[PDB]
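Asker: Give me coordinates for this.
(2 chains)
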Amino acid sequence: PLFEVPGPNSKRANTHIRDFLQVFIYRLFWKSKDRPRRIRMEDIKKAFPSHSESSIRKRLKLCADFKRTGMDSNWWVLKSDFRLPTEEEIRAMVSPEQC
DNA sequence: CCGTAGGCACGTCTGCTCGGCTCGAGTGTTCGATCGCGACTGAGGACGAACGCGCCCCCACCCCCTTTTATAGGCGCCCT
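Answerer: Numbering: from 1, shown residues only, chains lettered A, B, ... in the order given. Structure data below:
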């Protein structure tokens, strides 16, 4: 082996889960066709059932603003002053070897 | 007088904030290890002293210088 496998609940392992969540959130904004871009909490929780919503609230507070709507299905609208990172910048965040 | 709309209350979702727990990093202290120095001991070589060996000298002992005297066989020399 040439690449190090982390231990359970290590600092490297916990950083990887956070960054992979940050990668997946960003690509959901790139998939959204609405102007301004918007995503749902339900789509992240369906892909990440082992995360609490509060841990997802940490990754969404810096890049998105919560707009509540009169239905049990609400949107995270991308901040107008937040520049969404480009594709190759997302590529540098998490490599296939780290996964 | 009746119907409908609005207001309030409660439920639920989430967004923020506070408290508690745990993990990691650092620094100080204490213990063990290793290194250096000195001392002891063993081995080898060199020097000094004592003993033993070798050489030389000295001492001791025995025979040779003569005389005599009886007596006799053999060998060699000297003058008649």
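Asker: Pull the contacting residues for residue A:68.
Answerer: Counting by C-beta atoms under 8 Å, 6 or more residues apart in numbering, residue A:68 touches residue A:74. C-beta coordinates here come from the backbone N, C-alpha and C atoms, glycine included.
Asker: what number of residues lie near residue A:58?
Answerer: Using other C-beta atoms under 10 Å, residue A:58 is surrounded by 12 other residues.
Asker: Same check on the one 4 residues further on?
Answerer: A count of nearby residues for residue A:62, using other C-beta under 10 Å, gives 9.
Asker: Which residues are in contact with the closest residue to it other than its chain neighbours?
Answerer: Leaving aside its chain neighbours, residue A:62 sits nearest to residue A:82 (7.6 Å; criterion: C-beta to C-beta, 6 or more residues apart in numbering). Shown in contact with residue A:82 (C-beta under 8 Å, 6+ apart): A:62-64.
Asker: hmm, try it at 10 Å
Answerer: A:29, A:37, A:62-65 (C-beta atoms under 10 Å, 6 or more residues apart in numbering).
Asker: Need the three-state assignment for it.
Answerer: coil (DSSP: H, G, I helix; E, B strand; the rest coil).
Asker: do you know how far it is from DNA strand B?
Answerer: 14 Å (C-beta to the nearest atom of the strand, to the nearest Å).
Asker: Residue A:44: neighbour count?
Answerer: 19.
Asker: can you check residue A:60 too?
Answerer: Residue A:60, neighbours per other C-beta under 10 Å, totals 18.
Asker: Against DNA strand B, how distant is the residue lying closest to it once chain neighbours are set aside?
Answerer: Closest residue in space to residue A:60, ignoring its immediate chain neighbours: residue A:76 at 5.5 Å, by C-beta to C-beta, 6+ apart. Counting by C-beta to the nearest atom of the strand, the separation of residue A:76 from DNA strand B is 7 Å.
Asker: For the contacts of residue A:82, give me a markdown table that also has distance to DNA strand B and secondary structure.
Answerer: Formatted as a markdown table, the contacts of residue A:82 follow (distance: C-beta to the nearest atom of the strand, whole Å; DSSP: H, G, I helix; E, B strand; the rest coil):
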| residue | distance to DNA strand B | secondary structure |
| --- | --- | --- |
| A:29 | 16 | helix |
| A:37 | 16 | coil |
| A:62 | 10 | coil |
| A:63 | 12 | coil |
| A:64 | 9 | strand |
| A:65 | 8 | strand |
